[PDB]
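Chemist: My structure is below; once you've seen it, I'll send some questions.
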Amino acid sequence: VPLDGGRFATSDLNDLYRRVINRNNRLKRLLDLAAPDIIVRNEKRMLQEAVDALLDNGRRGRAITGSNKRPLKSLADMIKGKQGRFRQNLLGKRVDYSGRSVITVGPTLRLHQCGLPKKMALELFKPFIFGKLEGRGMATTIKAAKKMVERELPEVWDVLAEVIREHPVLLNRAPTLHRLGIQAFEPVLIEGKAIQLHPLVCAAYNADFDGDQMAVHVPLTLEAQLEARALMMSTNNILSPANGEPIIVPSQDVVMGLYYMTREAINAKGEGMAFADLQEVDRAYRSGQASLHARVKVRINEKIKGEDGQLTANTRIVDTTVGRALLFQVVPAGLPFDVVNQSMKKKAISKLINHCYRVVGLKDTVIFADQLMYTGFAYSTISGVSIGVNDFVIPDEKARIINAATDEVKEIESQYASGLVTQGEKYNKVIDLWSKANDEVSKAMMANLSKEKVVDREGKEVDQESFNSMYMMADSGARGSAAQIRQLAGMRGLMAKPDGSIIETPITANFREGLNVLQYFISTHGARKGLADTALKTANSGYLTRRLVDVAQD
Amino acid sequence: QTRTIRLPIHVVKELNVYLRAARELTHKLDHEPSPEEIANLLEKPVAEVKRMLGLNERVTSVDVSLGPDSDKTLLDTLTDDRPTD
Amino acid sequence: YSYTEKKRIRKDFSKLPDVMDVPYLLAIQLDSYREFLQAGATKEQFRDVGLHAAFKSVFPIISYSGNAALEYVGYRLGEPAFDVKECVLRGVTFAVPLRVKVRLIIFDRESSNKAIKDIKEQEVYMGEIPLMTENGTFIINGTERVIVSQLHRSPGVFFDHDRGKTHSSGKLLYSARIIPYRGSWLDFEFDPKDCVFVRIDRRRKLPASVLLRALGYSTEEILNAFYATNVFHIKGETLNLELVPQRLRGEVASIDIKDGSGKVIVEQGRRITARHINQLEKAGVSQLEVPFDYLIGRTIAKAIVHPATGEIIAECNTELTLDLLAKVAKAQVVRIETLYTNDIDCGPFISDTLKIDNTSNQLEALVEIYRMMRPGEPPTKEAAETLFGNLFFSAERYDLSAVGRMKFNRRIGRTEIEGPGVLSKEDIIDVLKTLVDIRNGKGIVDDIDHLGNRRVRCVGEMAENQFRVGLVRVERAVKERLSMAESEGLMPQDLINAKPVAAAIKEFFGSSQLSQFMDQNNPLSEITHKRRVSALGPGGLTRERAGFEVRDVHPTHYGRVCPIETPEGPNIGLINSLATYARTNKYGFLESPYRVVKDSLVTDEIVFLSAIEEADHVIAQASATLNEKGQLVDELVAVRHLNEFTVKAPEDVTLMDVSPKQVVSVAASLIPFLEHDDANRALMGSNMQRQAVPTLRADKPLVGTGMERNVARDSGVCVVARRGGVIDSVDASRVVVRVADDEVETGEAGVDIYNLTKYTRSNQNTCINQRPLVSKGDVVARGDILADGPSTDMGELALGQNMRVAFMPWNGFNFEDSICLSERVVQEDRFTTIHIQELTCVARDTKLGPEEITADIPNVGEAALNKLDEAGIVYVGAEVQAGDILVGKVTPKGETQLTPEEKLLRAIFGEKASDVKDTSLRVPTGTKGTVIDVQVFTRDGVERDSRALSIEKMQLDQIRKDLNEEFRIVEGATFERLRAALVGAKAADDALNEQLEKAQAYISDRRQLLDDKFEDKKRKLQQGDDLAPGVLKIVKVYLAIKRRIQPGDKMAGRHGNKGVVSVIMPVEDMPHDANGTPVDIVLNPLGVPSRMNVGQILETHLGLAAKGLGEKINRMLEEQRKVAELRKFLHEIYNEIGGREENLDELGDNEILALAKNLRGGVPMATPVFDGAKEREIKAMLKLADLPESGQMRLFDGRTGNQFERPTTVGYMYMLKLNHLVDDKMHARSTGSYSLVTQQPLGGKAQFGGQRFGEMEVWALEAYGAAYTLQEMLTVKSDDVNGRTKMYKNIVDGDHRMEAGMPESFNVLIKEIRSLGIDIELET
Amino acid sequence: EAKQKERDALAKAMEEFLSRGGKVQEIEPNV
Ligand SMILES: [Mg+2]
């Protein structure tokens, strides 16, 4: 193929074929003149090396081309050099009808549908518009229909939405480590330049909103549209393939609004009254005369599905909170009221969806998962939970443990100056003192953070669960665990060195009181070693899943 | 047999004296060999030296990739001239 | 006090005063180039360490069988032709002439001073020096490129262990490979079988017996030197063993020793305990009785030869048997050599490798060492000696530095300070005896990961070795040509050759890994890029060879590099940023200054400590309380002596830190409240702050650090005043200032022309401009700021714009990290940046016809040529859309061979058959803007159009109108001084006549400097720039696109909280407080308990108090208050809780209102890195600004209208805008072009790019029950010829037939297999 | 060290020709 400026481009495989013909013709000419046997062996040895360099190269021949130093890739070297001794089908293949863009969370979308920009839908469904304009009668030929989609007329958007109504498109992230990485969704024409994704489905993709890109795919054959709706739909893969736990679980933002809704309080506004049904609880709450969580008593008409094909009706007068009665409206008529009487934590709600899908079905579970997310985001905005400097309650007895441990370590150093204790004994007798002192700090913090509430109701003093913003984001399991709260309230502990040994000097200060200069340099050892193993974890785990699928492929 | 395109004998001898004249003029002027500079020294028109010096294309390989990392060769960067879409 | 300080004053919260200011940040790049270029002209004999030292090693030459020599006095550096602003406009590289002087010395090689001729003449311009600017960068072909510092290992010997799982051994000696400053390295690795096998960098393993024989020593003496520490003699009772108490310690004694004049030592069958070692040392005996049956397991050391029989009765490495002792007893052997080696000793390993390949003589090692040097070549006694002796004596490229000799001798122990450069026979036996000592357990391995084993290079040292290679080759051709030809007929101009010098220095600056592109997307990114120490490069370790030994921080990096400033991704830990106070030493090691402290008083002088000089003294921390007396008042202080952080006493301290900000880098010190954030978010906060984009309006950060002024001042982007004086006239294009009478010369006192740069294109397609911030008639001192650059506000670094930020989950829009913006951030045009994208067109020359820029285009209309001119260039300022014609470029062609179907349409509509194809330049889809300027380029001997005449006319009118206006300023400045001679008051006499003629001559002389420059500038416009062969004319345009913020962009702060904006909610939906101020950004409070970044809440609380104080002054200023009411309230802010502030210095009514009008939108605070404000100093600010104490106020809902039943944390938080917009990542395609061999979609059509469907997505589709889906994305959608065309017709018809087809990835594999002689067929 | 010492001895040798009588040839500027 020529290039710019009249310069050609010859492949290296053609050079090997031309070298053989230059020597094969000389063999026929030399053998037609009664040449001596000494000169015939010189030509036959050159023909052997020419054919040897044509099949493979780099082993013993290593032919060097002109104006360069790299060896020429032969035919057998082309198969080895094809994506590293692999085939073109087993490697990455460029496909059509695709596109990548930045993802964006959308709380106004259903579980089976997603978002799609208007400019992307015109390029992906381009062959589908030409078929609809000719069948309708607006476009006569296919050439006139091309100028209608590029002119952005007012009649091309009405015909475009006709093929987007029922057309499951595929979505996938860059790293695919499980089957839930490729799910089919129903695209909805939205305005913008981003893919509007569902908040609940983000747990399966394991992707956060920080600049991630997800590619799209449009199936053309109707045979592929049926197997993408019945198998690849987001409503079908509601259970993880690993275990029986569902993969569509309310995330940290949804579980925060549901935990505050189902809570117990000692004294509240509107406590002690009764209601006729669930319709009276919603009216009394939105009127501003009843609190969100108050000890009341209501009578509900619950239905139990213990008998197959029969739905009995029973009336029970239970005494629960105000918010717990509002959450039962979302729960269908196949589950009792005891499943919503708890605090509705993260692990306590993952077993409710697994139980709802097992005793009701799939059609009523997808609608229940969407209404649970709608009532989780609406009640999370009403309660303006915020983290501040007063939420990090530092225990007043924390300074007593540090000052006591500072006097015990000085006694060990005063003994080591004489020599009655060896170096190996004093090292283990001081590294366990700080480990034992870390438990007393965490025990004194959890006892103060949980009881950080003082209320009164016709009495002097009454204790209950604390309503702190930090405790709600840790007990509910939304984000973080109990091991991360110890770094903010209490001391961090003994930051071990990446060499294999633990550093004796601990970090007494926390994140609120501020770290020192030498105390912050020690924290850079464990933080830099954690990032070095994270980038290497994608190569070792990716290599483990690459050998198991090759033996378990048949 | 050196070049990939066989050139006739009556035209390849004209390029032998052009390369030797450009070799002496390279170190004599202490600069890059210009296409119009050799035309004035050898008493030749500018249109004749442009085609003769431009005949040597010096074609390079295609499978050899450029850069420090060999992620893709030149085979995956070329396109056709006819209608392929 | 500076003039810019009086305008805006930041309140500092530093509790301790700084005894040393921040030095120049770019001092590592400027000081490294002044030694290589040597632009300073002195009157004395300067040393000029650098290129001048390497140039002195060229003239002295030695020629075999001849006499030739040269003498070089020095070099001369010329002035550059193109300026700093013209070299970036046109295509040229900023260079400078380098003329040297070489004197040829011809001799007769007769060892006499007779018939010697010398000619002195200046040589040709040997290459061109880059001559970089004062900003630390050099322009190469119109682009700014910088060179990062290289980090390589120090020259010396290093011993390691390399404890890996592949060796399957707990103790295994690693390779004791030495690394010289230049040349090859010797890889000497100890074999796991107690053997030594040396190797080369590109050769196989060689035995130790072959390497020891090449040095000149015998194999028997070398094997007996490290072994045979005991001798045996036949005296007394036919045997006498040397009694050593160390050998018998812990070993059983099966031989009775009855010697000792009746004093027995041990008995037969008794174990030697701690009691038997006391009876042997108290007597001091050395001989004992040993039976002949005990020597059956011992072996000999060397070949025992007797002088009686003349033959070797016992060869080396043989056991002493019974029959062998009978021959040695009758031969009268004097001394028996037995290598006393046991399990308790170290054990000699030279005997196990001495029998390798039968290398018992020096002749066998010569023929074996030549096989690895030359492959397949014939072995010769002369060629093998030259190759073996090239690394020992004939060191051609085995030179070592002066510090490498003392470093290698310090590990093995040597009294000599400096020795020979190359390795000698005595200097090579120490590394062999030091490896066996570390193998037994005596001593420890070397420290390679510490700072004492690594050396930081520079730009001057990297360019010196690249210039010496290009110069050592040019002298080889001049030496051989001078002896072949005559000396009288030859000239030094024709003998020298500047081609290998200019070629080796130009291709090095463009094909090197260290000479990467300089990013100008942020002024902070410009400083942190030059202040980088890279490890990989020309000679360093790659990302795989490094492993994990260098990806970990070490305590030796305290105050030298940054542990929290490292880019995460494919290469983490390899490259690292330099510290703030880090200063390079003379040898190149990183040295950080400390404060020496004594037990009497703290000293004021500052000393610089090296890396290896820190293990002797103890260094304390700057966070120590003082009793205002100069002593350590604290009872304990955290110090470090053996590179370990621990506690020590304040009585033996010797060193102390200067400032706590000497550990972090420049990109990490600007983060407020860094002590409250985790190191994981501090590593990510320095990367997002570096990728900021300058917005349209520069908003100062209310919560700063104080180092923001030191980043924008030392940079070469702001207009810094060189001299002081009064500003004459302020204009948007340029600014002029006067020169004071104190710091002025005799003639031409007031001369200061500062040309402000306009909107030009940077290296990241971002806009850059300078706006004047001074007024006419202002007193400007030396070192002030006259104009601010991109993302700078009044000399302060202002990357992003701050706004009201609330922390609450708002309807799930802030799900994980998303941002919920408001409509007030888009209507006010806050995050709307300006991008400058350029487009260049070329004019190729083909044999079918030359390409020219014409006006007529085939198959176009009037609307396409409406915005075009009569020459083919788009007008300046014409609004172009996606798909318009910018430059008219036509390409002639022949032999079209049109089809009869197309010929029928050419006659109906009356379209003429144009034989020239239209290949004009067009803008891509989605890129629309306004052309700011058009730059054209022409060649010599080519005709120009009417468009190029208007460009040279505007350049000639601008260079003439400005030079005529600047001459009027100097003309008026000379008459005002001459008019000051009115002491006589005529309205002595000889003095005023000379001054009048001198003032008239100065005006006439100044005109000659402009006339010669105007004619020189006119020549630059009439000449054609040098371009690549094959381009007739290059016309490039510049578009200006304003990319406003839209849902999809990436926004983040300074604490490492990335976020993609979701939607733009209206003003009525944003939560508002009781006053009615709707918030703009609604973050997510769930990131605080998960990610340990508390600085987000501390900055939000200070941001609310900073705006509360600024709003109080705005209300007080508009209330028509007096002067005593404003200065009293300002004094209650700067001096309320702490900080160093000075008052009672501003003016009464001028400077007070000038400072109140600048703080009416918020009082900026300065919170240091580790010396920041405590919780009391922050809570006390909320009480003064009439704000809640806890900082959490309940807000009203915007949509429902009710009140939230929980306090919400509000305030102002600084936010940034990253260059990850959706306009450069969103793309889609259905059909396009394909390749030739493999029918796969690719780019080139300027439409979009297809994504790769890797194997990871193949296993996912197979996990489901998908069969036709995966078969479609492999055969129909790609790799097909007939399947794709037939499928496209099925979509238009309406029925999906789904033809089978055949993949093209398998049809190519069949043709490649059948061509290899192996058959393949389809049986079906 | 060794290279600078070689020209230093030649510089002292060339200076000896100035005393015994000798003038180094001077050439005008090049092209
Ligand atoms: Mg992500």
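Convention: chains lettered A, B, ... in structure tokens order; per-chain residue numbering from 1; ligands numbered from 1 as shown.
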Return as a PyMOL selection string the residues belonging to chain C that are within 8 Å of chain B, counting only C-alpha atoms.

Modeler: chain C and resi 494+497-499+1231-1238+1242-1244

Chemist: For the contact check between chain C and ligand 1, emit one row per residue of chain C within 12 Å, containing the shortest atom pair and the distance in Å rounded to one decimal, counting only C-alpha atoms and all ligand atoms, chain then rising number order, as CSV.

Modeler:
residue,atom,partner,partner_atom_place_in_ligand_line,distance
C:816,CA,ligand 1,1 (Mg),10.8
C:817,CA,ligand 1,1 (Mg),10.1
C:818,CA,ligand 1,1 (Mg),11.8
C:1050,CA,ligand 1,1 (Mg),11.9
C:1057,CA,ligand 1,1 (Mg),12.0
C:1058,CA,ligand 1,1 (Mg),9.5
C:1059,CA,ligand 1,1 (Mg),10.1
C:1060,CA,ligand 1,1 (Mg),10.7

Chemist: May I have the residues within 8 Å of residue 387 in chain A as a list in words, using only C-alpha atoms and disregarding those fewer than 5 positions away in the same chain?

Modeler: residues 469 and 470 of chain A; 807, 1085, 1088, 1097 and 1209 of chain C

Chemist: Might you pull out every residue within 8 Å of residue 485 in chain A, with only C-alpha atoms counted and same-chain residues fewer than 5 positions away left off, and present them as JSON, numbers by chain?

Modeler: {"A": [474, 480, 490], "C": [1089]}

Chemist: Which polymer residues have any atom within 10 Å of an atom of range 304-320 of chain A, counting only C-alpha atoms, with same-chain residues fewer than 6 positions away left out, as a short mmCIF file (atom, residue, chain, number, x, y, z; two decimals) with C-alpha atoms, in the first residue's frame?

Modeler:
data_model
loop_
_atom_site.label_atom_id
_atom_site.label_comp_id
_atom_site.auth_asym_id
_atom_site.auth_seq_id
_atom_site.Cartn_x
_atom_site.Cartn_y
_atom_site.Cartn_z
CA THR A 262 -36.92 2.00 62.06
CA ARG A 263 -35.56 3.25 65.39
CA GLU A 264 -36.64 3.18 69.03
CA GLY A 272 -48.86 6.84 73.38
CA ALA A 274 -53.30 4.72 68.59
CA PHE A 275 -54.14 4.48 64.90
CA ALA A 276 -56.80 2.68 62.89
CA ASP A 277 -54.56 1.36 60.10
CA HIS A 293 -40.23 7.20 65.66
CA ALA A 294 -42.69 7.15 68.57
CA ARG A 295 -44.01 4.24 70.63
CA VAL A 296 -47.58 3.79 69.38
CA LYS A 297 -49.98 0.90 68.78
CA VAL A 298 -51.64 0.05 65.46
CA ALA A 333 -48.82 -9.22 51.60
CA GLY A 334 -46.69 -12.38 51.65
CA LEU A 335 -44.56 -11.61 54.71
CA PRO A 336 -45.53 -11.12 58.37
CA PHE A 337 -44.95 -7.96 60.41
CA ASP A 338 -42.11 -9.45 62.49
CA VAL A 340 -39.85 -5.17 59.91
CA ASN A 341 -39.78 -4.93 63.72
CA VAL A 359 -41.91 -17.21 49.38
CA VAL A 360 -43.47 -14.72 46.90
#

Chemist: Need to verify the contact set: residue 188 in chain C, 6 Å, only C-alpha atoms, exclusion of same-chain residues closer than 6 positions in sequence. Can you return it as a PDB file with N, CA and C atoms, in the first residue's frame?

Modeler:
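Below is the file result_31.pdb, written as the result:
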ATOM      1  N   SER C 175      24.417 -12.057  44.144  1.00  0.00           N
ATOM      2  CA  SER C 175      25.452 -11.576  43.236  1.00  0.00           C
ATOM      3  C   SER C 175      26.051 -10.284  43.778  1.00  0.00           C
ATOM      4  N   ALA C 176      27.369 -10.279  43.977  1.00  0.00           N
ATOM      5  CA  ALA C 176      28.081  -9.085  44.434  1.00  0.00           C
ATOM      6  C   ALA C 176      28.535  -8.276  43.218  1.00  0.00           C
ATOM      7  N   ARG C 177      27.543  -7.762  42.495  1.00  0.00           N
ATOM      8  CA  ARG C 177      27.794  -7.026  41.266  1.00  0.00           C
ATOM      9  C   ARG C 177      28.147  -5.577  41.576  1.00  0.00           C
ATOM     10  N   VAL C 198      31.533 -16.178  38.027  1.00  0.00           N
ATOM     11  CA  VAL C 198      31.348 -14.811  37.559  1.00  0.00           C
ATOM     12  C   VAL C 198      30.605 -14.819  36.226  1.00  0.00           C
ATOM     13  N   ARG C 199      30.057 -13.659  35.869  1.00  0.00           N
ATOM     14  CA  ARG C 199      29.309 -13.518  34.630  1.00  0.00           C
ATOM     15  C   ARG C 199      29.379 -12.068  34.171  1.00  0.00           C
TER      16      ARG C 199
END

Chemist: Tell me, which residues of range 78-259 of chain C carry DSSP helix (DSSP H, G or I), written as a JSON list (two decimals) with N, CA and C atoms, in the first residue's frame?

Modeler:
[["chain", "number", "residue", "atom", "x", "y", "z"],
["C", 86, "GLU", "N", 9.45, 34.55, 19.65],
["C", 86, "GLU", "CA", 9.41, 34.23, 18.22],
["C", 86, "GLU", "C", 9.72, 32.77, 17.96],
["C", 87, "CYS", "N", 10.50, 32.13, 18.84],
["C", 87, "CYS", "CA", 10.83, 30.72, 18.65],
["C", 87, "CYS", "C", 9.62, 29.82, 18.86],
["C", 88, "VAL", "N", 8.65, 30.27, 19.67],
["C", 88, "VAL", "CA", 7.45, 29.48, 19.90],
["C", 88, "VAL", "C", 6.37, 29.74, 18.85],
["C", 89, "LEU", "N", 6.41, 30.88, 18.17],
["C", 89, "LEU", "CA", 5.43, 31.17, 17.13],
["C", 89, "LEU", "C", 5.73, 30.37, 15.86],
["C", 208, "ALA", "N", 35.43, -19.15, 38.41],
["C", 208, "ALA", "CA", 36.33, -18.27, 39.14],
["C", 208, "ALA", "C", 37.79, -18.57, 38.86],
["C", 209, "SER", "N", 38.12, -19.79, 38.44],
["C", 209, "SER", "CA", 39.50, -20.13, 38.14],
["C", 209, "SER", "C", 39.98, -19.47, 36.85],
["C", 210, "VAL", "N", 39.07, -19.23, 35.91],
["C", 210, "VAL", "CA", 39.45, -18.58, 34.66],
["C", 210, "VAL", "C", 39.64, -17.08, 34.85],
["C", 211, "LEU", "N", 38.88, -16.47, 35.76],
["C", 211, "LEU", "CA", 39.02, -15.04, 36.01],
["C", 211, "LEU", "C", 40.24, -14.72, 36.87],
["C", 212, "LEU", "N", 40.60, -15.62, 37.79],
["C", 212, "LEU", "CA", 41.76, -15.37, 38.64],
["C", 212, "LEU", "C", 43.07, -15.57, 37.89],
["C", 213, "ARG", "N", 43.08, -16.43, 36.87],
["C", 213, "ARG", "CA", 44.29, -16.68, 36.10],
["C", 213, "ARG", "C", 44.60, -15.56, 35.12],
["C", 214, "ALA", "N", 43.60, -14.78, 34.71],
["C", 214, "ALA", "CA", 43.83, -13.69, 33.78],
["C", 214, "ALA", "C", 44.50, -12.49, 34.43],
["C", 219, "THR", "N", 46.83, -20.36, 40.11],
["C", 219, "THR", "CA", 45.65, -20.95, 40.72],
["C", 219, "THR", "C", 45.97, -21.65, 42.04],
["C", 220, "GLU", "N", 47.21, -22.10, 42.22],
["C", 220, "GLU", "CA", 47.58, -22.77, 43.47],
["C", 220, "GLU", "C", 47.80, -21.77, 44.60],
["C", 221, "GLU", "N", 48.42, -20.63, 44.30],
["C", 221, "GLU", "CA", 48.67, -19.63, 45.33],
["C", 221, "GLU", "C", 47.39, -18.91, 45.73],
["C", 222, "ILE", "N", 46.48, -18.69, 44.77],
["C", 222, "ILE", "CA", 45.22, -18.03, 45.07],
["C", 222, "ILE", "C", 44.33, -18.93, 45.91],
["C", 223, "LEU", "N", 44.37, -20.24, 45.66],
["C", 223, "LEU", "CA", 43.58, -21.18, 46.44],
["C", 223, "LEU", "C", 44.17, -21.41, 47.82],
["C", 224, "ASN", "N", 45.48, -21.24, 47.97],
["C", 224, "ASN", "CA", 46.15, -21.41, 49.26],
["C", 224, "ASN", "C", 46.26, -20.12, 50.05],
["C", 225, "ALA", "N", 45.81, -18.99, 49.48],
["C", 225, "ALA", "CA", 45.88, -17.72, 50.20],
["C", 225, "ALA", "C", 44.73, -17.58, 51.19]]

Chemist: Which residues are near residue 525 in chain A? Cut-off 12 Å, only C-alpha atoms, ignore same chain within fewer than 2 positions. Put them as a ChimeraX atom specification.

Modeler: /A:494-503,518-523,527-532 /C:551-555,557,563-564,573,678-680

Chemist: DSSP says strand (DSSP E) for which residues of range 728-962 of chain C? Put them as number ranges by chain?

Modeler: C: 728-730, 734-737, 753-755, 760-761, 767-768, 771-772, 779-780, 785-788, 792-793, 796-797, 801-807, 819-822, 833-841, 845-846, 849-850, 852-853, 879-880, 885-887, 889-892, 916-918, 921-922, 929-938

Chemist: Find the distance between CA of residue 343 in chain A and CA of residue 475 in chain A and write it in Å to one decimal.

Modeler: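 Computed distance, CA of residue 343 in chain A to CA of residue 475 in chain A, equals 10.2 Å.
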
Chemist: What are the closest atom pairs, with distances in Å to one decimal, for all residues of chain D lying within 8 Å of chain C? Consider only C-alpha atoms, order rows by chain and residue number, and present the result as CSV.

Modeler:
residue,atom,partner,partner_atom,distance
D:3,CA,C:57,CA,5.6
D:4,CA,C:56,CA,6.7
D:6,CA,C:60,CA,6.3
D:7,CA,C:60,CA,5.6
D:11,CA,C:71,CA,8.0
D:24,CA,C:118,CA,5.3
D:25,CA,C:119,CA,4.3
D:26,CA,C:120,CA,5.2
D:27,CA,C:121,CA,5.3
D:28,CA,C:121,CA,7.2
D:29,CA,C:122,CA,6.9
D:30,CA,C:493,CA,6.5

Chemist: If you keep N, CA and C atoms, can you produce a file of those selected residues as a PDB file, in the first residue's frame?

Modeler:
ATOM      1  N   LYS D   3      44.892  13.560  31.008  1.00  0.00           N
ATOM      2  CA  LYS D   3      44.714  14.270  29.746  1.00  0.00           C
ATOM      3  C   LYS D   3      45.091  15.740  29.879  1.00  0.00           C
ATOM      4  N   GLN D   4      44.717  16.373  30.995  1.00  0.00           N
ATOM      5  CA  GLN D   4      45.083  17.769  31.204  1.00  0.00           C
ATOM      6  C   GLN D   4      46.580  17.928  31.439  1.00  0.00           C
ATOM      7  N   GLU D   6      48.852  16.155  29.899  1.00  0.00           N
ATOM      8  CA  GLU D   6      49.511  16.013  28.605  1.00  0.00           C
ATOM      9  C   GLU D   6      49.587  17.350  27.878  1.00  0.00           C
ATOM     10  N   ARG D   7      48.466  18.072  27.808  1.00  0.00           N
ATOM     11  CA  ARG D   7      48.472  19.375  27.153  1.00  0.00           C
ATOM     12  C   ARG D   7      49.219  20.415  27.978  1.00  0.00           C
ATOM     13  N   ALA D  11      51.843  22.776  26.523  1.00  0.00           N
ATOM     14  CA  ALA D  11      51.740  24.224  26.667  1.00  0.00           C
ATOM     15  C   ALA D  11      53.046  24.819  27.177  1.00  0.00           C
ATOM     16  N   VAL D  24      53.435  31.345  16.421  1.00  0.00           N
ATOM     17  CA  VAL D  24      52.344  30.477  15.998  1.00  0.00           C
ATOM     18  C   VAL D  24      51.601  31.121  14.835  1.00  0.00           C
ATOM     19  N   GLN D  25      51.257  30.309  13.839  1.00  0.00           N
ATOM     20  CA  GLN D  25      50.563  30.819  12.665  1.00  0.00           C
ATOM     21  C   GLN D  25      49.157  31.280  13.031  1.00  0.00           C
ATOM     22  N   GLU D  26      48.742  32.397  12.442  1.00  0.00           N
ATOM     23  CA  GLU D  26      47.423  32.969  12.671  1.00  0.00           C
ATOM     24  C   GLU D  26      46.614  32.928  11.383  1.00  0.00           C
ATOM     25  N   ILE D  27      45.349  32.530  11.500  1.00  0.00           N
ATOM     26  CA  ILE D  27      44.449  32.422  10.361  1.00  0.00           C
ATOM     27  C   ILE D  27      43.236  33.306  10.613  1.00  0.00           C
ATOM     28  N   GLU D  28      42.688  33.851   9.534  1.00  0.00           N
ATOM     29  CA  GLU D  28      41.530  34.731   9.606  1.00  0.00           C
ATOM     30  C   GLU D  28      40.276  33.905   9.873  1.00  0.00           C
ATOM     31  N   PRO D  29      39.117  34.556   9.976  1.00  0.00           N
ATOM     32  CA  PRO D  29      37.881  33.817  10.254  1.00  0.00           C
ATOM     33  C   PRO D  29      37.519  32.877   9.115  1.00  0.00           C
ATOM     34  N   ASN D  30      36.745  31.852   9.455  1.00  0.00           N
ATOM     35  CA  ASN D  30      36.342  30.831   8.501  1.00  0.00           C
ATOM     36  C   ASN D  30      35.104  31.296   7.736  1.00  0.00           C
TER      37      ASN D  30
END

Chemist: I need the chain B residues near chain A as a ChimeraX atom specification; criterion: at most 10 Å, counting only C-alpha atoms.

Modeler: /B:1-4,54-64,71-72,74-75,78-81
